[PDB]
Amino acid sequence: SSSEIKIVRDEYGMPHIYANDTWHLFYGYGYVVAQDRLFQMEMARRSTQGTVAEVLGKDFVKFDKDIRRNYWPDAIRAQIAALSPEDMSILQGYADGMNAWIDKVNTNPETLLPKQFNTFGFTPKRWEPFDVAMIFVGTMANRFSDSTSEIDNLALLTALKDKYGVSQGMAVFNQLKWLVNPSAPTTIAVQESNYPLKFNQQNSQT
C-alpha cells in the first residue's frame, strides 16, 4: 500500500517510520514529532522567526527585532520555490504530518493539548514548509555558523594603535588575535596535508 504509514515505537519510545514514498515517510516523521515535542517545536518556531512577543509580551520585543534584522525571509522562500518536486516533498510531507496531529489536538484539547499551551495561554497553529526550513536555518545557520566580531576587532586595533603607536599596535594585535599559529594541534597530521592559502595579516585594506 502506497497510502499506508506504519509507526513502530520501541521500548524507549523511539519511533520507526515505514512508508513507501517520500511524502508518506516524512509525513510520518512530522506526525510523531507533533506527538512527542509540540510545545518545544512551536517555541522553536517563534524563536527562529522573531514572533515570541506576541505570546510572551514586552520583555521579548528587542529579541524579536534582533531575530528579524538578522535574516531576509523572501530569500528563503525563493530557495524553497526552486526545489525539485522530490525535495519539496520532504518539507511538505513533514509540515502536513505535523498538521494532521495538530488538527486532532485542536479538535480534542481536553486530552491532547500539551499542558504548557494552557499554562502560557495560546494554542498551536499549522505549519508550512517555510516554518520547517526555518527550524534548521534559525539554529544551525543563523546562529551556529554566523560568528564574527570584525567591528569589535577594529575598535580593539584602534585602541592598541593609540597606546603603542601605529606599527606597534598592529604587532600587539597579532600577538593577541593571530591569524594562524603553526603549533596548534590539528585533526589532520602534517604528513597528510596542510592548508594551501596564505592571508594578509596587516589590515592591508585600509
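Note that residue numbering follows the sequence shown and begins at 1.
Judged by mean Cα B factor in the deposited record, 152-160 ranks above the other of 152-160 and 66-74.
Annotation for 176-184 versus 51-59: the higher mean temperature factor (C-alpha) is found in 51-59. In the deposited coordinates, the residue among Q92, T123, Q79, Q116 with the greatest CA B-factor is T123. Of the candidates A44, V166, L38, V32, the deposited coordinates give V166 the top C-alpha B factor. Residue-level temperature factors show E192 in the highest third of its chain, judged at the C-alpha atom.
In the PDB entry, a CA B factor belonging to the highest third of its chain's modelled residues is recorded for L112. Per the deposited record, the Cα B-factor of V137 falls in the middle third when ranked against the other modelled residues of its chain.
Split the chain's modelled residues into thirds by C-alpha temperature factor. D131 is in the lowest one.
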